[PDB]
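Residue numbers (the working numbering), protein chains in the order written: chain B, 31 to 361; chain A, 31 to 361; chain R, 31 to 361; chain L, 31 to 361.
Every residue, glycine too, gets a C-beta built ideally from N, C-alpha and C.
First up is the structure itself, then whatever we jot down about it.
Number of protein chains: 4
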Amino acid sequence: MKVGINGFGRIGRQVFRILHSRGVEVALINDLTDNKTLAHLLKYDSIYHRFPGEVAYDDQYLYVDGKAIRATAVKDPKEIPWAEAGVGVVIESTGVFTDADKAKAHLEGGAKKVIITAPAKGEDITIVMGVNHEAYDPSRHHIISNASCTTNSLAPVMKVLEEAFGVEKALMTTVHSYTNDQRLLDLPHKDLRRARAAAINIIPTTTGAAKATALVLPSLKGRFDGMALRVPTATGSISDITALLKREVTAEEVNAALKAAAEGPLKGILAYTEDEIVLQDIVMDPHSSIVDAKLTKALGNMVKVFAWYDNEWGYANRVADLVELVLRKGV
Amino acid sequence: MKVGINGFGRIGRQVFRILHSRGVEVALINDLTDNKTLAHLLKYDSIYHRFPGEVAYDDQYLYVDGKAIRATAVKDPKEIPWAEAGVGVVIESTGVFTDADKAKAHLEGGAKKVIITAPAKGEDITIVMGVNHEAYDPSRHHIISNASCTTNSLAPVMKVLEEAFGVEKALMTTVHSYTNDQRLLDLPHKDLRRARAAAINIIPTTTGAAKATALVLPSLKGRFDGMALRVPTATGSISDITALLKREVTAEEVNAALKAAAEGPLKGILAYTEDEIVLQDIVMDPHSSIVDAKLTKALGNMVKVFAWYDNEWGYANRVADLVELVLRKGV
Amino acid sequence: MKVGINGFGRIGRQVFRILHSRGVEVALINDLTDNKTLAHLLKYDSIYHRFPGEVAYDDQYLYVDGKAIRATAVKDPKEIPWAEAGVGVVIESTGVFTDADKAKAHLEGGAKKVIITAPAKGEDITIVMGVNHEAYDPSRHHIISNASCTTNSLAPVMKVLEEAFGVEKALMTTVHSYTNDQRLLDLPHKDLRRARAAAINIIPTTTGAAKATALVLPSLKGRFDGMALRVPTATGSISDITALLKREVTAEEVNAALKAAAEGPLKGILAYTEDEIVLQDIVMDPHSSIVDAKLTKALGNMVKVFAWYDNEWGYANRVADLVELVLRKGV
Amino acid sequence: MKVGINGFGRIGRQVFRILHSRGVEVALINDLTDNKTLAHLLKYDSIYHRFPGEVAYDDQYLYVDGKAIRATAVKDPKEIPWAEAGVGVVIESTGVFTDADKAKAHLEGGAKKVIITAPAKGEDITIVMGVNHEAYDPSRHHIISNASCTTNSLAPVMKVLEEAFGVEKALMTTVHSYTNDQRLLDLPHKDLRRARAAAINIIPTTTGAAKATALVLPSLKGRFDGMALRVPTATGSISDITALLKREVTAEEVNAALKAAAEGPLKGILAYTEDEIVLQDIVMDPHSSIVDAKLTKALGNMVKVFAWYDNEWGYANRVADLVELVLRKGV
Ligand SMILES: NC(=O)c1ccc[n+]([C@@H]2O[C@H](COP(=O)([O-])OP(=O)(O)OC[C@H]3O[C@@H](n4cnc5c(N)ncnc54)[C@H](O)[C@@H]3O)[C@@H](O)[C@H]2O)c1
Ligand SMILES: NC(=O)c1ccc[n+]([C@@H]2O[C@H](COP(=O)([O-])OP(=O)(O)OC[C@H]3O[C@@H](n4cnc5c(N)ncnc54)[C@H](O)[C@@H]3O)[C@@H](O)[C@H]2O)c1
Ligand SMILES: NC(=O)c1ccc[n+]([C@@H]2O[C@H](COP(=O)([O-])OP(=O)(O)OC[C@H]3O[C@@H](n4cnc5c(N)ncnc54)[C@H](O)[C@@H]3O)[C@@H](O)[C@H]2O)c1
Ligand SMILES: NC(=O)c1ccc[n+]([C@@H]2O[C@H](COP(=O)([O-])OP(=O)(O)OC[C@H]3O[C@@H](n4cnc5c(N)ncnc54)[C@H](O)[C@@H]3O)[C@@H](O)[C@H]2O)c1
């Protein structure tokens, strides 16, 4: 069937640009704004710049290189014209329908599969491409979570570590660009930390990306946890894992294990580099995790690995990848 | 009577800090959050830093320096206990009750005078201290307005220009720190320029600040206009004014007029300096507009003048000065 | 003859990327560092991202896409092997040999022309592509200045305002991203303003960009001047020109002039747009000036135009255009 | 005796303000620039703002509240009149004379003690106040190094972990504000990660701060190590310590330990808080390290702790303190 998107925001537009170049068909887009705003933001992105194609619109459609996309503005999933558009797969990027109770609503909209682009509650399955994607059974799995941007950077690295060396416990910190859940200047928020001026602060905040890695790598259940620090950058992040392994290693063995995963089984998902790169060098990179080899440290069995990831673009490519998988499998 | 504050935000909290240090007694603050958050934001400020005094709170009041202050979470100004609390002067800084129509609600609640800290629609009077405050009339003016931050910075200067030389036409641009009406990252908004990422962009935006100056200095009616460029700083702004005067002058003469005013009549509102300062140097300056004398240029009768202003602190001192005026004349 | 670049920094590398894609042959590059560093900085740029191609090096050469470019590290220009490399045209982008007398040293190295990529002093001719490029006389011009990034944005516009409406007086201000002549945090500088923290201030600094337009447009001699405000952005600027013209006009009228120039005689140099763009949308745009049509204001004869420019990319393209000109006309 | 300061930069000037507010007499300041500049730089600070005193100057002295303070521009330590000023303790804060063999010239010039505000090479001793100042020996120790901002932040925490539970191994990352050894925009540098533009990048960098902790807590030799991440903030850093302890602990045990140290023996050096603060909240805080109580986590015997530190102010205070001890111990 066709793909439909609810929530045309940061992940939403990026997934669109990507699905668009791969030649996947997006038939309807629903946000809470007029088509004129939907088309301006798609044409101009502050981070990824000019859209490479022609964008136009009318009161009911988005026109991209001549193809037409229904763009609506229904604040409720139930009433979104899924079936009538030919949409079997609904990417759900609003950020407000992560309880699978609420995401279920696209189904009686006529949608066949919902893919929550964030961690879900009561979903059918959480998938992280590269790690447990073979776990997908189209007979029983309909409401799928693709996990968070962070859990997708942790999982591929943790998997290599657990298989080559065995992991006993682990803690991690992600130093992350700010996102739209934060304030620009001091302002009321559910979290007294995120309530602060995102661009002139380092903001410690909680995360469950670590705990959630246990969903795709059960062996870590109860042995992985972490924290997050938000910093004044717009997109782009880095995961700082500190693992306690089951044997003694040297940086070279750890790096060598990561590099081989990156050129074999985890190809396209996990990457590995030896250059002296900074944040800007990984922006718009499509990998879920980019191992910066020169930073690895090992104190015997307490090792420390670092993986960069573009929380927008990389995630976005993962959503795209999943959608193609839900599709090739009969959806 | 006692001062209440509806809208505990950026301006709301600085005014409070200023009124608190002056001896005025605030008696109720209303916002949309809980007392914990309120107490917290008051105590810690990313820009003005720590609140100098003890702040605490129960599920009812905030205790600043032991003095309890009622605090509520009422979304409708009509349902606010101003009277019940002994609140004569309400400070409206939520920035949603700017049409004096809705603003009028605080009157039903028991208030006698409302002060909109923004450009209002349908107000009794619009005052800019130092310029036309001698025109406030207790018996007829109930819904005052202290104008915008930018308006407050131009007026003092324009007054000086007009009286000393006379203005024929004048256009201006204000380079201004971002504010809470902008976005962190590209997100929908009514103004498409402001839908964009605030901190990594120079954003042109429209401003009524020049036109609104004509309301306090009527001679400029239809003779003054401007633009605004929002830049990536969190507080502090500068006004670049290009005036076409009625006689040929030298920068020296223009500087001399502006200095004389700063030392005399406008003392306390207009400041003048010859030091080579920069943004951070005016952060937390209470003045309405500071003249950077070394930047004055003059081509005959065409002059260019600049004036920094701290859009949060400077402006908030004006609000306090007015609240304290409205009170010095019986509410 | 071939091109050689002296000073491989922000402008030199961009000019290179461009000369490179245009097929011009750069034979020798000189800076103050090793090839590993020249190669790395070239390969990874924070603003324009990965170099689209292969970069390698050795103790003696930089290999860009398989081509060998002699790369050296000589502090004195008299000592650069221009002759030994076959370099006829040198690009002087160090920023330290702007007094033509010092830049003369290049000719005593075997070089036949020098193009100072900055306002010069003592130059044969200062050329602003599109405005007065026809005056370059190969027979008599050898040390050519391409003027500042700002002058190049003011001249294409002022030229149009002078021919269609006639300019009588003008003052401009340029809100500019910071450059390497500034400081990261407070440090001594010849300029007490530039001595301050570039990324957290708005820094007023002086500029001769206005008076310089008078070299390419003699009619502005004694009639145009300005200022600059450096702000927290990496690259990209905007010029705010306030002109006093000779006839009364309407904004639409002024835009129409600009737009026409933009699609005819100034094609490729000047650009005109009507979309509601912000800074990020003009990064890596190749024009010298991009008229932001919706910003024009007009109070009779006093007009106000705004033109964006990317001080790195735009300027670089102009340097590449001048080099190609110099070459097409016989060295 | 009297204090002399070589290298009036970020640390030099903060140290002066501090020593000045304490009653310590600074007799001579040397740097490489003119007096006008030093004074202006002292008077106006982008981060801590205005110097709260009268600053004036003339061709040979600075004047802070009336006191004359000799000021000079001597490029070589050997040629400094340290003695002619009756200067006994020289604060070597330029950043180029951290090699004791080089800082030794201050002695030749007449001083008796040299305090290098940075990790040295060949120093008689390395002190980190609150941890090992009891080892300073006046008769033997003449060229003292006060360690790095980072070590001073790790040390007190490590001391408390080691004594309460015992540290097996531990690694750490410091998320740190940028500093003057980094670049504003891509420019050659020895470190290719630091050659990159500082204000728009998360720059990974090497630090020996974990290894110097062993110099003061010798039980850590070969059991401690780590990385640094520079971020687009101007001042303030946070340390993220992942320590493997000698027994199973709970977050409370650990914080209980740390709280107790702060209220007790480490008072004034270590601090403890349970508020949900962020970076700006610690700027200008005088403590070497501040435990963010709520950020602590523990997986059995693996713990993670976070401690903030204003790298200019916390440190300059430590520098002031050591100056005070070297004086009280007798020069
Ligand atoms: N940005 C990241 O780095 C990142 C990475 C991976 C996953 N995610 C997750 O993806 C989601 C989207 O985040 P994002 O950054 O794109 O945020 P965003 O705030 O840019 O996008 C949210 C969009 O939803 C729209 N919206 C709000 N309510 C709506 C509704 N009821 N129906 C239709 N449209 C509605 C908003 O108009 C907006 O365009 C969140 O769950 C987020 O946590 C974000
Ligand atoms: N920020 C400045 O530079 C500044 C300066 C001068 C004037 N102004 C004008 O002042 C106003 C305040 O802006 P601010 O910057 O303080 O913004 P803000 O967004 O920081 O303040 C708004 C606060 O009021 C609360 N509020 C919103 N709806 C509420 C309601 N319905 N009833 C009660 N409280 C509610 C919000 O939750 C928040 O606490 C605006 O009108 C603005 O245009 C702002
Ligand atoms: N940055 C811009 O926006 C821009 C735009 C227009 C014009 N310009 C002008 O062009 C020049 C370059 O500015 P930039 O921003 O590229 O500078 P930059 O600081 O980025 O680079 C200058 C390079 O010159 C090298 N260098 C220094 N001295 C040298 C020497 N004596 N011999 C050889 N190489 C030497 C430096 O090591 C450095 O790599 C300046 O004149 C600038 O004023 C800059
Ligand atoms: N800034 C911090 O975060 C921090 C923290 C702890 C330690 N330090 C260490 O302190 C030192 C200074 O750092 P800063 O950040 O104050 O640096 P900075 O670059 O601001 O200070 C340098 C000052 O030293 C002056 N100087 C340089 N060479 C000189 C010389 N030859 N003679 C006299 N004066 C000279 C410079 O002109 C400038 O005034 C470095 O060793 C640094 O690593 C800095």
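Check: residue i C-beta below 7 Å from any heavy atom of ligand 3
i	result
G125 (chain R)	yes
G266 (chain R)	no
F46 (chain R)	no
Contact test: residue i Cβ vs ligand 1 heavy atom, cutoff 7 Å
i	result
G42 (chain B)	yes
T209 (chain B)	yes
Candidates the options, of which the one nearest residue i by Cα
i	options	result
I59 (chain A)	A:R224, A:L92, A:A292, A:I77	A:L92
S51 (chain B)	B:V361, B:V356, B:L357, B:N347	B:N347
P149 (chain A)	A:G330, A:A240, A:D305, A:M31	A:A240
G125 (chain R)	R:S178, R:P248, R:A113, R:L357	R:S178
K289 (chain L)	L:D322, L:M257, L:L309, L:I271	L:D322
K359 (chain R)	R:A350, R:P168, R:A133, R:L309	R:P168
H171 (chain R)	R:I146, R:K189, R:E192, R:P295	R:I146
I121 (chain L)	L:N176, L:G83, L:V284, L:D89	L:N176
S269 (chain B)	B:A337, B:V190, B:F81	B:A337
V246 (chain A)	A:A103, A:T181, A:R100	A:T181
Three-state secondary structure (DSSP) of residue i
i	result
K108 (chain L)	helix
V349 (chain R)	helix
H79 (chain A)	strand
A291 (chain B)	helix
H317 (chain B)	coil
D311 (chain R)	helix
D305 (chain R)	coil
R226 (chain A)	coil
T243 (chain L)	helix
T235 (chain L)	strand
Residue i: CB within 7 Å of a non-hydrogen atom of ligand 2
i	result
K105 (chain A)	yes
Where the region 50 to 63 of chain L meets chain B: residues whose CB sits under 8 Å from a CB there: none
What residues in the region 199 to 211 of chain B have a beta carbon less than 7 Å from any beta carbon of chain L? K199, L201, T203, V205
Three or more C-beta pairs below 8 Å linking the region 259 to 269 of chain B and the region 230 to 244 of chain L: yes
Return the residues of the region 63 to 96 of chain R that lie within a Cβ-Cβ distance of less than 9 Å from chain B, sorted by chain order. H70, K73, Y74, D75, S76, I77, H79, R80
Along the region 306 to 329 of chain L, what residues have a CB closer than 9 Å to any CB found in chain A? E306, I307, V308, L309, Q310, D311, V313, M314
Can you pull out the residues from the region 105 to 120 of chain B whose beta carbon lies closer than 7 Å to at least one beta carbon of chain A? none
Give, in chain order, every residue of the region 220 to 231 of chain R whose Cβ lies closer than 7 Å to some Cβ of chain A. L222, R223, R226, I230, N231
Got a sec: which bits of the region 334 to 352 of chain B sit with their beta carbon under 9 Å from any beta carbon on chain L, in order along the chain? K334, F336, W338
If contact is defined by three or more beta carbon pairs under 8 Å, each pair taking one atom from either stretch, is the region 245 to 258 of chain L in contact with the region 189 to 201 of chain L? yes
Using 8 Å as the Cβ pair cut-off and three pairs as the minimum, do the region 142 to 161 of chain R and the region 296 to 304 of chain R touch? yes
So, does the region 39 to 46 of chain A touch the region 302 to 313 of chain B, judging by three or more C-beta pairs under 8 Å? no
Chain-ordered residues of the region 248 to 274 of chain R with a beta carbon less than 7 Å from chain L: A264
Short of 7 Å Cβ to Cβ, which residues in the region 166 to 189 of chain B face chain L? none
At a cut of 8 Å, does the region 264 to 283 of chain R reach the region 203 to 213 of chain R through at least three beta carbon pairs? yes
Would you call the region 342 to 357 of chain L and the region 274 to 285 of chain B touching, i.e. three or more CB-CB distances under 8 Å? no
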